[PDB]
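Below: work08.pdb (PDB, C-alpha atoms (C1' of nucleotides) and all ligand atoms)
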```pdb
ATOM      1  CA  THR E   2       0.000   0.000   0.000
ATOM      2  CA  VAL E   3       2.467   2.629   1.183
ATOM      3  CA  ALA E   4       5.217   1.071  -0.933
ATOM      4  CA  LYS E   5       3.088   1.731  -4.014
ATOM      5  CA  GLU E   6       2.721   5.448  -3.159
ATOM      6  CA  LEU E   7       6.479   5.848  -2.633
ATOM      7  CA  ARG E   8       7.117   3.995  -5.894
ATOM      8  CA  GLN E   9       5.014   6.653  -7.631
ATOM      9  CA  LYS E  10       7.327   9.286  -6.155
ATOM     10  CA  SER E  11      10.521  10.261  -7.969
ATOM     11  CA  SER E  12      14.025   9.790  -6.551
ATOM     12  CA  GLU E  13      14.858  13.393  -5.603
ATOM     13  CA  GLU E  14      11.566  13.809  -3.726
ATOM     14  CA  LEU E  15      12.314  10.533  -1.931
ATOM     15  CA  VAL E  16      15.665  11.823  -0.636
ATOM     16  CA  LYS E  17      13.923  14.985   0.541
ATOM     17  CA  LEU E  18      11.494  12.740   2.433
ATOM     18  CA  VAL E  19      14.300  10.737   4.064
ATOM     19  CA  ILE E  20      16.192  13.796   5.335
ATOM     20  CA  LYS E  21      12.997  15.372   6.681
ATOM     21  CA  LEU E  22      12.019  12.177   8.519
ATOM     22  CA  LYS E  23      15.535  11.871   9.954
ATOM     23  CA  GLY E  24      15.184  15.369  11.394
ATOM     24  CA  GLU E  25      11.725  14.628  12.785
ATOM     25  CA  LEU E  26      13.022  11.403  14.341
ATOM     26  CA  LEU E  27      15.779  13.327  16.129
ATOM     27  CA  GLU E  28      13.215  15.823  17.437
ATOM     28  CA  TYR E  29      10.946  13.032  18.688
ATOM     29  CA  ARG E  30      13.799  11.325  20.546
ATOM     30  CA  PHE E  31      14.898  14.605  22.145
ATOM     31  CA  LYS E  32      11.344  15.430  23.254
ATOM     32  CA  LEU E  33      11.011  11.933  24.721
ATOM     33  CA  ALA E  34      14.269  12.496  26.615
ATOM     34  CA  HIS E  35      12.698  15.704  27.977
ATOM     35  CA  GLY E  36       9.408  13.986  28.840
ATOM     36  CA  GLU E  37       7.416  16.044  26.321
ATOM     37  CA  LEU E  38       6.239  13.375  23.846
ATOM     38  CA  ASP E  39       2.497  12.867  24.185
ATOM     39  CA  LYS E  40       2.416  10.480  21.196
ATOM     40  CA  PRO E  41       5.161   7.871  21.783
ATOM     41  CA  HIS E  42       4.235   5.747  18.740
ATOM     42  CA  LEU E  43       5.313   8.291  16.113
ATOM     43  CA  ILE E  44       8.903   7.228  16.792
ATOM     44  CA  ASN E  45       8.116   3.715  15.573
ATOM     45  CA  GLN E  46       5.996   4.977  12.663
ATOM     46  CA  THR E  47       8.789   7.340  11.617
ATOM     47  CA  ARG E  48      11.327   4.509  11.761
ATOM     48  CA  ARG E  49       9.163   2.136   9.719
ATOM     49  CA  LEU E  50       8.475   4.772   7.062
ATOM     50  CA  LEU E  51      12.193   5.566   7.060
ATOM     51  CA  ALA E  52      13.016   1.876   6.604
ATOM     52  CA  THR E  53      10.440   1.544   3.817
ATOM     53  CA  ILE E  54      11.785   4.592   1.965
ATOM     54  CA  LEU E  55      15.272   3.103   2.258
ATOM     55  CA  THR E  56      14.017  -0.161   0.741
TER      56      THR E  56
ATOM     57  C1'   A G   1       7.158 -49.626 119.519
ATOM     58  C1'   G G   2       5.129 -52.171 114.132
ATOM     59  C1'   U G   3       3.051 -52.188 108.995
ATOM     60  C1'   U G   4       1.958 -47.735 106.425
ATOM     61  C1'   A G   5       0.286 -43.439 100.857
ATOM     62  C1'   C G   6       0.273 -39.206  98.904
ATOM     63  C1'   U G   7       6.586 -36.187  96.276
ATOM     64  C1'   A G   8       8.164 -36.151  90.606
ATOM     65  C1'   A G   9      13.188 -31.590  90.351
ATOM     66  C1'   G G  10      13.248 -34.972  86.070
ATOM     67  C1'   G G  11      12.716 -39.639  83.400
ATOM     68  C1'   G G  12      10.371 -44.300  81.103
ATOM     69  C1'   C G  13       5.985 -46.907  78.268
ATOM     70  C1'   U G  14       1.201 -46.627  75.400
ATOM     71  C1'   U G  15      -1.952 -43.406  72.593
ATOM     72  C1'   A G  16      -3.335 -38.620  70.324
ATOM     73  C1'   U G  17      -1.749 -33.870  68.336
ATOM     74  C1'   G G  18       1.608 -29.921  66.490
ATOM     75  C1'   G G  19       6.282 -28.596  64.146
ATOM     76  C1'   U G  20      11.089 -29.404  61.005
ATOM     77  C1'   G G  21      11.720 -33.169  56.201
ATOM     78  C1'   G G  22      10.618 -34.462  51.430
ATOM     79  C1'   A G  23      10.452 -40.514  51.176
ATOM     80  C1'   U G  24       6.083 -43.078  48.643
ATOM     81  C1'   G G  25       1.988 -42.430  45.013
ATOM     82  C1'   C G  26      -0.105 -39.640  40.401
ATOM     83  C1'   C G  27       1.628 -36.254  36.380
ATOM     84  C1'   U G  28       4.996 -33.736  32.891
ATOM     85  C1'   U G  29       6.325 -27.900  26.819
ATOM     86  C1'   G G  30      11.774 -32.728  29.237
ATOM     87  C1'   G G  31      15.363 -37.038  27.911
ATOM     88  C1'   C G  32      16.758 -42.123  25.560
ATOM     89  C1'   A G  33      16.659 -45.850  21.641
ATOM     90  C1'   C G  34      14.968 -46.509  16.923
ATOM     91  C1'   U G  35      11.592 -46.927  12.184
ATOM     92  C1'   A G  36       9.994 -44.793   7.306
ATOM     93  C1'   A G  37      11.495 -40.750   4.008
ATOM     94  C1'   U G  38      14.469 -35.964   3.069
ATOM     95  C1'   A G  39      19.270 -34.347   3.178
ATOM     96  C1'   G G  40      24.440 -34.899   3.882
ATOM     97  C1'   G G  41      27.305 -28.973   4.354
ATOM     98  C1'   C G  42      28.586 -23.410   5.348
ATOM     99  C1'   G G  43      32.793 -19.620   3.658
ATOM    100  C1'   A G  44      36.785 -13.920   0.570
ATOM    101  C1'   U G  45      29.435 -12.093  -2.627
ATOM    102  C1'   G G  46      33.012 -12.718   4.481
ATOM    103  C1'   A G  47      31.581 -18.622   7.248
ATOM    104  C1'   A G  48      30.911 -21.489  12.331
ATOM    105  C1'   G G  49      31.201 -18.967  17.103
ATOM    106  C1'   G G  50      31.125 -14.457  19.873
ATOM    107  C1'   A G  51      31.186  -8.819  21.393
ATOM    108  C1'   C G  52      28.166  -4.582  21.048
ATOM    109  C1'   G G  53      23.708  -2.258  20.031
ATOM    110  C1'   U G  54      18.196  -1.937  18.895
ATOM    111  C1'   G G  55      11.638  -1.040  22.848
ATOM    112  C1'   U G  56       6.603   3.719  23.899
ATOM    113  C1'   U G  57       9.075  -1.989  27.522
ATOM    114  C1'   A G  58      13.550  -2.214  34.839
ATOM    115  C1'   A G  59      16.566  -6.447  34.145
ATOM    116  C1'   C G  60      17.001 -11.137  31.955
ATOM    117  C1'   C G  61      15.672 -14.402  27.719
ATOM    118  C1'   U G  62      14.258 -14.484  22.512
ATOM    119  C1'   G G  63      14.086 -11.828  17.635
ATOM    120  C1'   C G  64      16.813  -8.449  14.788
ATOM    121  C1'   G G  65      21.260  -5.406  12.864
ATOM    122  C1'   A G  66      22.300   1.912  12.286
ATOM    123  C1'   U G  67      16.344  -0.072   7.207
ATOM    124  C1'   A G  68      18.182  -3.041  14.105
ATOM    125  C1'   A G  69      11.323  -6.465  18.405
ATOM    126  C1'   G G  70      11.752  -5.298  11.828
ATOM    127  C1'   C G  71      11.705  -3.506   5.275
ATOM    128  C1'   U G  72       9.677  -5.182  -0.012
ATOM    129  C1'   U G  73       7.153  -8.642  -3.180
ATOM    130  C1'   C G  74       4.216 -13.099  -4.489
TER     131        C G  74
HETATM  132 MG    MG U 101       7.777 -30.285  85.309
HETATM  133 MG    MG U 102       6.727 -38.361  80.106
END
```

Exercise: express the given structure as structure tokens:
Amino acid sequence: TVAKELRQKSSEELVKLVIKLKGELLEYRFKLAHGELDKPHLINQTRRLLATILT
RNA sequence: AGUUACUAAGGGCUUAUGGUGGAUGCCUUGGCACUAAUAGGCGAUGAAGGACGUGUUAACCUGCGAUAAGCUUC
């Protein structure tokens, strides 16, 4: 499902996605280390989407 | 003058009960010996075996490898 949508995307847009998700993942981990992450599942969702984009 | 019981500090015997202990009996996600087939290898495209790390999850075990408790396709 999601893999089909990313396949529709071009390569340059995909690398923009990966750098943006890397930044967001860093922010989520820092907020968790400060006890300010209400949604603790977005870390896992970010990592899976990151892994899928890498595939 | 004569023959005399009671005593139980404690102990002995019988029976009953309580406590420590895990013998006997019943059972087992475990072992042993084989039968009928399959197969008889992995590695410089990095092996067998380990260290480290990975959780929204204290440690340990298991899974996994910076795509890290999982990624794609049929
Ligand atoms: Mg007495
Ligand atoms: Mg007595």

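When the PyMOL selection byres (((not hetatm)) within 9 of (chain U and resi 102)) is run on the displayed coordinates, the residues it returns are residues 11, 12 and 13 of chain G.
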
- [ ] Given the file shown, determine the residues that the PyMOL selection byres (((not hetatm)) within 12 of (chain U and resi 101)) selects; report them as a PyMOL selection string.
- [x] chain G and resi 8-11

| said: Tell me as number ranges by chain which residues belonging to chain E come within 8 Å of chain G, counting all atoms listed in the file. | reply: E: 4, 41-42, 49, 51-53, 55-56

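CA of residue 30 in chain E lies 18.3 Å from CA of residue 18 in chain E.
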
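Reported to one decimal place, the separation of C1' of residue 54 in chain G from CA of residue 48 in chain E is 11.8 Å.
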
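Pairwise distance (CA of residue 43 in chain E, CA of residue 31 in chain E) equals 13.0 Å.
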
**Prompt:** Skipping near chain neighbours, those fewer than 5 positions away, what residues fall within 8 Å of range 45-47 of chain E using all atoms listed in the file, listed as a list in words?
**Reply:** residues 22, 25 and 26 of chain E
